[PDB]
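Enquirer: Supplied structure: target-v1.cif, mmCIF, C-alpha atoms (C1' of nucleotides).
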```cif
data_protein
#
loop_
_atom_site.label_atom_id
_atom_site.label_comp_id
_atom_site.auth_asym_id
_atom_site.auth_seq_id
_atom_site.Cartn_x
_atom_site.Cartn_y
_atom_site.Cartn_z
CA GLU A 312 -45.73 24.91 4.38
CA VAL A 313 -44.57 24.41 7.98
CA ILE A 314 -47.58 26.43 9.15
CA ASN A 315 -49.88 23.93 7.43
CA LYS A 316 -47.90 21.05 8.93
CA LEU A 317 -48.38 22.52 12.41
CA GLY A 318 -52.08 23.13 11.80
CA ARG A 319 -52.76 19.61 10.56
CA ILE A 320 -50.80 18.04 13.43
CA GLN A 321 -52.60 20.19 16.01
CA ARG A 322 -55.97 19.25 14.51
CA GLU A 323 -55.18 15.53 14.29
CA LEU A 324 -53.40 14.79 17.57
CA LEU A 325 -56.39 15.91 19.67
CA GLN A 326 -58.09 12.53 19.29
CA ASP A 327 -55.15 10.81 21.02
CA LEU A 328 -55.80 12.47 24.40
CA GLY A 329 -58.90 14.66 24.03
CA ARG A 330 -57.12 18.01 24.39
CA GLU A 331 -55.95 20.76 22.09
CA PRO A 332 -52.20 20.06 21.80
CA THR A 333 -49.91 22.46 23.63
CA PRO A 334 -46.33 23.37 22.65
CA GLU A 335 -44.98 20.28 24.43
CA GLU A 336 -47.19 17.82 22.54
CA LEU A 337 -46.77 19.69 19.25
CA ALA A 338 -42.99 19.75 19.60
CA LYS A 339 -42.93 16.05 20.49
CA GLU A 340 -44.08 15.28 16.92
CA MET A 341 -43.02 18.29 14.81
CA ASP A 342 -39.33 17.44 15.38
CA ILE A 343 -38.77 21.06 16.46
CA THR A 344 -38.32 22.72 19.83
CA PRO A 345 -41.11 24.63 21.63
CA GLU A 346 -39.64 28.11 21.11
CA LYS A 347 -39.56 27.68 17.33
CA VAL A 348 -43.14 26.42 17.53
CA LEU A 349 -44.17 29.56 19.41
CA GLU A 350 -42.41 31.68 16.78
CA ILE A 351 -44.30 29.83 14.03
CA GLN A 352 -47.62 30.35 15.80
CA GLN A 353 -46.89 34.07 16.13
CA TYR A 354 -45.84 34.20 12.46
CA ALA A 355 -49.15 32.64 11.37
CA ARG A 356 -51.00 35.69 12.73
CA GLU A 357 -53.33 37.72 10.50
CA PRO A 358 -54.37 41.40 10.72
CA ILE A 359 -57.88 42.48 11.74
CA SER A 360 -59.80 45.35 10.11
CA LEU A 361 -60.19 48.78 11.70
CA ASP A 362 -63.68 49.21 10.22
CA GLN A 363 -65.36 46.80 12.65
CA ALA B 99 -57.23 46.37 -20.09
CA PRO B 100 -59.55 49.40 -20.09
CA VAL B 101 -62.20 49.81 -17.40
CA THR B 102 -65.30 51.98 -17.02
CA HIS B 103 -66.21 53.91 -13.88
CA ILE B 104 -69.26 52.34 -12.26
CA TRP B 105 -70.76 55.71 -11.27
CA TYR B 106 -71.35 56.42 -14.98
CA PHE B 107 -72.29 52.97 -16.28
CA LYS B 108 -75.47 53.05 -14.19
CA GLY B 109 -77.34 55.25 -11.75
CA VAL B 110 -80.67 56.24 -13.32
CA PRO B 111 -79.69 58.11 -15.43
CA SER B 112 -76.75 56.16 -16.83
CA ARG B 113 -74.54 58.96 -18.16
CA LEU B 114 -72.61 56.60 -20.45
CA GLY B 115 -75.78 55.11 -21.90
CA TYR B 116 -77.26 58.51 -22.73
CA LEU B 117 -73.90 59.64 -24.11
CA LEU B 118 -73.66 56.68 -26.51
CA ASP B 119 -77.43 56.16 -27.04
CA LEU B 120 -77.51 52.56 -25.77
CA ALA B 121 -80.03 51.06 -23.38
CA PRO B 122 -78.66 50.15 -19.92
CA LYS B 123 -79.08 46.41 -20.50
CA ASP B 124 -77.50 46.54 -23.96
CA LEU B 125 -74.63 48.62 -22.55
CA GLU B 126 -74.32 46.21 -19.62
CA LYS B 127 -73.92 43.30 -22.03
CA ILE B 128 -71.11 45.02 -23.94
CA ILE B 129 -69.04 46.27 -21.00
CA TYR B 130 -69.29 42.91 -19.19
CA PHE B 131 -68.31 40.47 -21.97
CA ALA B 132 -71.73 39.07 -22.87
CA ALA B 133 -72.33 40.35 -26.42
CA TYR B 134 -70.37 41.87 -29.29
CA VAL B 135 -70.84 45.38 -30.66
CA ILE B 136 -69.82 46.84 -34.02
CA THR B 137 -67.40 49.72 -33.49
CA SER B 138 -67.31 50.88 -37.12
CA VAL B 139 -67.94 49.83 -40.72
CA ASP B 140 -66.42 50.92 -44.04
CA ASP B 141 -68.70 52.15 -46.82
CA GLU B 142 -66.24 50.91 -49.48
CA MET B 143 -67.77 47.44 -48.99
CA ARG B 144 -71.37 48.52 -48.25
CA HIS B 145 -72.07 50.79 -51.25
CA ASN B 146 -69.77 48.84 -53.60
CA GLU B 147 -71.63 46.75 -56.17
CA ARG C 416 -16.12 67.27 18.15
CA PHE C 417 -19.85 66.82 18.81
CA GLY C 418 -20.96 68.20 15.43
CA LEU C 419 -23.40 70.66 17.00
CA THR C 420 -22.92 73.13 14.13
CA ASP C 421 -23.25 70.65 11.24
CA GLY C 422 -24.47 67.32 12.64
CA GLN C 423 -21.38 65.36 11.59
CA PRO C 424 -19.34 64.22 14.61
CA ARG C 425 -15.60 64.41 14.03
CA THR C 426 -12.73 62.27 15.26
CA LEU C 427 -9.74 63.70 17.09
CA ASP C 428 -7.16 63.82 14.30
CA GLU C 429 -9.77 64.95 11.79
CA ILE C 430 -10.16 68.18 13.80
CA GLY C 431 -6.51 68.36 14.84
CA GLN C 432 -5.46 68.89 11.23
CA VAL C 433 -7.89 71.76 10.58
CA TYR C 434 -5.70 73.60 13.07
CA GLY C 435 -1.96 72.95 13.31
CA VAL C 436 -2.05 70.48 16.21
CA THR C 437 -1.94 66.71 16.61
CA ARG C 438 -4.86 64.49 17.57
CA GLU C 439 -3.53 64.11 21.12
CA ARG C 440 -3.47 67.91 21.47
CA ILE C 441 -7.16 67.91 20.51
CA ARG C 442 -7.71 65.23 23.15
CA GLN C 443 -5.92 67.38 25.74
CA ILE C 444 -7.92 70.53 25.02
CA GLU C 445 -11.11 68.43 24.98
CA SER C 446 -10.19 67.08 28.42
CA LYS C 447 -9.62 70.63 29.65
CA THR C 448 -13.01 71.72 28.30
CA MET C 449 -14.76 68.68 29.80
CA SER C 450 -13.19 69.30 33.21
CA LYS C 451 -14.10 72.99 33.18
CA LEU C 452 -17.66 72.61 31.87
CA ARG C 453 -18.48 69.52 33.94
CA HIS C 454 -17.99 71.58 37.10
CA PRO C 455 -21.28 72.31 38.92
CA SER C 456 -20.91 76.10 38.68
CA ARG C 457 -21.98 75.93 35.02
CA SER C 458 -23.77 72.57 34.96
CA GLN C 459 -26.39 73.88 37.41
CA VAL C 460 -28.19 75.74 34.61
CA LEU C 461 -27.92 72.92 32.06
CA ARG C 462 -28.84 70.05 34.41
CA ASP C 463 -32.53 70.83 34.92
CA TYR C 464 -33.57 69.46 31.51
CA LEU C 465 -33.14 65.83 32.63
CA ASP C 466 -31.86 66.22 36.21
"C1'" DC D 1 -100.83 67.96 -24.06
"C1'" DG D 2 -102.87 64.90 -18.55
"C1'" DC D 3 -102.25 61.06 -16.54
"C1'" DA D 4 -101.87 55.67 -15.61
"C1'" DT D 5 -99.09 51.56 -15.73
"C1'" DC D 6 -94.96 49.07 -15.97
"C1'" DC D 7 -89.97 49.20 -15.04
"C1'" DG D 8 -85.54 49.35 -12.56
"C1'" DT D 9 -83.04 51.09 -8.37
"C1'" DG D 10 -82.32 51.47 -3.51
"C1'" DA D 11 -82.57 49.36 0.79
"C1'" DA D 12 -48.92 16.97 0.22
"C1'" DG D 13 -43.97 17.10 -0.33
"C1'" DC D 14 -39.12 17.75 -2.08
"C1'" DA D 15 -34.80 19.49 -5.33
"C1'" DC D 16 -32.01 22.79 -6.86
"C1'" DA D 17 -30.81 27.75 -7.77
"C1'" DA D 18 -30.33 32.25 -5.94
"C1'" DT D 19 -30.37 35.70 -2.14
"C1'" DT D 20 -29.62 37.21 2.49
"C1'" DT D 21 -28.00 36.86 7.43
"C1'" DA D 22 -24.28 37.33 11.08
"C1'" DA D 23 -19.27 34.24 12.57
"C1'" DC D 24 -14.70 35.09 12.84
"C1'" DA D 25 -9.63 36.37 11.76
"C1'" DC D 26 -7.34 40.01 10.65
"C1'" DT D 27 -6.25 45.00 9.66
"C1'" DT D 28 -6.60 49.62 10.41
"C1'" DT D 29 -7.79 53.31 12.93
"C1'" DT D 30 -9.18 55.78 17.37
"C1'" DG D 31 -8.69 56.64 21.94
"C1'" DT D 32 -5.46 56.61 26.10
"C1'" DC D 33 -1.27 56.81 29.06
"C1'" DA D 34 3.34 58.11 31.62
"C1'" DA D 35 6.88 60.81 31.19
"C1'" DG D 36 9.04 65.13 29.24
"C1'" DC D 37 11.07 68.77 26.49
"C1'" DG E 1 1.29 75.79 24.07
"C1'" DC E 2 2.40 70.50 22.96
"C1'" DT E 3 5.68 65.86 20.46
"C1'" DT E 4 7.79 60.58 20.04
"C1'" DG E 5 6.33 56.40 20.91
"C1'" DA E 6 3.82 52.42 22.76
"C1'" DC E 7 -0.96 49.53 24.00
"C1'" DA E 8 -5.51 48.28 23.97
"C1'" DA E 9 -10.38 49.02 22.36
"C1'" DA E 10 -13.48 50.22 18.56
"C1'" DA E 11 -14.44 50.74 13.39
"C1'" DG E 12 -13.84 48.38 8.94
"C1'" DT E 13 -12.57 44.08 4.90
"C1'" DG E 14 -12.98 39.90 3.32
"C1'" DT E 15 -14.00 34.70 3.01
"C1'" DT E 16 -16.91 31.06 4.41
"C1'" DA E 17 -20.94 28.64 6.36
"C1'" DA E 18 -25.74 28.65 7.39
"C1'" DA E 19 -30.31 30.03 6.80
"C1'" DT E 20 -33.72 31.95 4.04
"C1'" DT E 21 -36.45 32.67 -0.48
"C1'" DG E 22 -38.02 31.44 -5.13
"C1'" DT E 23 -39.20 28.26 -9.12
"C1'" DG E 24 -40.19 23.73 -10.83
"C1'" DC E 25 -42.29 18.82 -10.59
"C1'" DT E 26 -45.32 14.56 -9.18
"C1'" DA E 27 -48.36 9.99 -14.93
"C1'" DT E 28 -54.87 4.45 -13.45
"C1'" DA E 29 -58.76 7.39 -13.69
"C1'" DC E 30 -62.10 11.09 -11.97
"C1'" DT E 31 -64.87 16.68 -16.48
"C1'" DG E 32 -68.90 22.32 -15.64
"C1'" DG E 33 -71.72 26.23 -7.68
"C1'" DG E 34 -74.99 26.76 -4.39
"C1'" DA E 35 -77.30 29.67 -0.82
"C1'" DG E 36 -81.51 30.91 4.92
"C1'" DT E 37 -87.98 40.44 0.27
"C1'" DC E 38 -90.76 45.49 -0.33
"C1'" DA E 39 -91.14 50.65 -1.28
"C1'" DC E 40 -89.85 54.69 -4.28
"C1'" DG E 41 -89.74 57.64 -8.39
"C1'" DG E 42 -88.86 57.48 -13.48
"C1'" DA E 43 -89.51 55.54 -18.48
"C1'" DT E 44 -93.13 54.04 -21.52
"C1'" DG E 45 -97.40 54.53 -23.51
"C1'" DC E 46 -103.05 55.47 -23.75
"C1'" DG E 47 -106.10 58.87 -25.68
#
```
Do you think you could lay out the structure here as structure tokens?

Expert:
Amino acid sequence: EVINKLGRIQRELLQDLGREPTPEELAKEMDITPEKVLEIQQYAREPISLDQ
Amino acid sequence: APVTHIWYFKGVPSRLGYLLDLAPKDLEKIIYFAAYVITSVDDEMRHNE
Amino acid sequence: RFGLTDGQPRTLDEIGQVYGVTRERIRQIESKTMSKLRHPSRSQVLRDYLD
DNA sequence: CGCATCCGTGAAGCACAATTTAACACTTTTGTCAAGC
DNA sequence: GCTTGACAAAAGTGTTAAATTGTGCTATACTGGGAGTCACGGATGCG
């Protein structure tokens, strides 16, 4: 849930300034601190395949 | 639910088809929920007058 | 004490009661053994593994 | 039986219940000491 | 060859709070996807 919230906010807020939001901008609107945001971004990671 | 090994459903020859005496397309229809097949019938209501 | 023969380390009193001595007696003999073995004359052979 | 022709295969967001973490006071035990018997 | 006792640090018990995880629920109406072909041997059939 919170991962989707972060994704939607990151996608949407770009039009306000023309940049991909960084932890400062994301935290300014997610009501959470940057370190938790970094932890969420790490948690949203997905494994690659060895067979490539 | 049961499942059939693909190596034997098809492969020219289809071992399952030869074993049961069904054509590959007819067998394909049965395994893959496209047509019904009669498993057995009782003579007590075929030769009963 | 170090459980070298079984793998289970033992406390002082636990190995004082297998003999007929108190836990502090075990501590005293352990101190004697540590002082004697820690001396370089014997530690010179054992040190080279992670000197 | 001698072979041609067609056929299929391979190549949007919350509420409440239940579970799990890691704070802290307190208790017990474990390790340590001088002095000494 | 070693005891009595006294202190402080480390190893356990238990209650409580906080967070973490799982299931359910939302009432105008809307009703059936979409993606960049040829060559080879084997089964069938002709006389």

Enquirer: Distance cut-off 10 Å, counting only C-alpha atoms (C1' of nucleotides) - which residues of chain C neighbour chain D? Return them as a list in words.

Expert: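 Within 10 Å of chain D on chain C, we get residues 426, 427, 428, 438, 439 and 442 of chain C.
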
Enquirer: Restricting it to C-alpha atoms, dump the selection as an mmCIF file, in the frame of the given file.

Expert:
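Saved to out-v5.cif:
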```
data_model
loop_
_atom_site.group_PDB
_atom_site.id
_atom_site.type_symbol
_atom_site.label_atom_id
_atom_site.label_comp_id
_atom_site.auth_asym_id
_atom_site.auth_seq_id
_atom_site.Cartn_x
_atom_site.Cartn_y
_atom_site.Cartn_z
ATOM 1 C CA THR C 426 -12.730 62.270 15.260
ATOM 2 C CA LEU C 427 -9.740 63.700 17.090
ATOM 3 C CA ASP C 428 -7.160 63.820 14.300
ATOM 4 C CA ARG C 438 -4.860 64.490 17.570
ATOM 5 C CA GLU C 439 -3.530 64.110 21.120
ATOM 6 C CA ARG C 442 -7.710 65.230 23.150
#
```

Enquirer: Exactly which residues make up the result of the PyMOL selection byres ((chain D) within 12 of (chain A)) on this file, given as a ChimeraX atom specification?

Expert: /D:12-14

Enquirer: Please report, as JSON, the centre and edge lengths in Å to one decimal of an axis-aligned box covering all listed atoms of region 459-464 of chain C with 8 Å per side.

Expert:
```
{"center_x": -30.0, "center_y": 72.6, "center_z": 34.5, "size_x": 23.2, "size_y": 22.3, "size_z": 21.9}
```

Enquirer: Tell me, in Å to one decimal, how far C1' of residue 11 (chain D) is from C1' of residue 36 (chain E).

Expert: 18.9 Å

Enquirer: Give as a compact mmCIF listing (two decimals) with C-alpha atoms (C1' of nucleotides), keeping the file's coordinate frame the residues that the PyMOL selection byres ((chain D and resi 18-23) around 9) matches when applied to the coordinates above.

Expert:
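Once everything was written out, this is selection.txt:
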```txt
# COMPACT_ATOMS: atom_id res chain seq x y z
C1' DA D 17 -30.81 27.75 -7.77
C1' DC D 24 -14.70 35.09 12.84
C1' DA E 17 -20.94 28.64 6.36
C1' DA E 18 -25.74 28.65 7.39
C1' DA E 19 -30.31 30.03 6.80
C1' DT E 20 -33.72 31.95 4.04
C1' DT E 21 -36.45 32.67 -0.48
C1' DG E 22 -38.02 31.44 -5.13
```

Enquirer: Per residue of chain D within 12 Å of chain B, record the nearest atom pair and its distance in Å to one decimal, counting only C-alpha atoms (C1' of nucleotides), with rows in chain order and ascending residue number, as JSON lines.

Expert:
```
{"residue": "D:7", "atom": "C1'", "partner": "B:110", "partner_atom": "CA", "distance": 11.8}
{"residue": "D:8", "atom": "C1'", "partner": "B:110", "partner_atom": "CA", "distance": 8.5}
{"residue": "D:9", "atom": "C1'", "partner": "B:110", "partner_atom": "CA", "distance": 7.5}
{"residue": "D:10", "atom": "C1'", "partner": "B:109", "partner_atom": "CA", "distance": 10.3}
```

Enquirer: Quick check, in Å to one decimal: how far apart do CA of residue 102 (chain B) and CA of residue 129 (chain B) lie?

Expert: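 Interatomic distance, CA of residue 102 (chain B) to CA of residue 129 (chain B): 7.9 Å.
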
Enquirer: Give me the result of the PyMOL selection byres ((chain C) within 9 of (chain E)) on this file, residue by residue, as a list in words.

Expert: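 For this structure, the PyMOL selection byres ((chain C) within 9 of (chain E)) captures residues 436, 437, 439 and 440 of chain C.
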
Enquirer: Report, in Å to a single decimal, how far apart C1' of residue 6 (chain D) and CA of residue 117 (chain B) are.

Expert: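 Atom-to-atom, CA of residue 117 (chain B) to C1' of residue 6 (chain D), that is 24.9 Å.
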
Enquirer: Give me, as a PyMOL selection string, all polymer residues having an atom no more than 12 Å from residue 13 (chain E), counting only C-alpha atoms (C1' of nucleotides) and skipping those fewer than 3 positions away in the same chain.

Expert: chain D and resi 25-28

Enquirer: Include C-alpha atoms (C1' of nucleotides) and write out the residues we just selected as a PDB file, in the frame of the given file.

Expert:
```pdb
ATOM      1  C1'  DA D  25      -9.630  36.370  11.760  1.00  0.00           C
ATOM      2  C1'  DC D  26      -7.340  40.010  10.650  1.00  0.00           C
ATOM      3  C1'  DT D  27      -6.250  45.000   9.660  1.00  0.00           C
ATOM      4  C1'  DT D  28      -6.600  49.620  10.410  1.00  0.00           C
TER       5       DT D  28
END
```

Enquirer: Find the residue from B:119, B:111, B:132, B:101 that sits nearest to chain E; use all atoms listed in the file when measuring.

Expert: B:111

Enquirer: Within 10 Å of residue 354 (chain A), counting all atoms listed in the file, which residues qualify if same-chain residues fewer than 5 places away don't, as JSON, numbers by chain?

Expert: {"A": [314, 348, 349]}
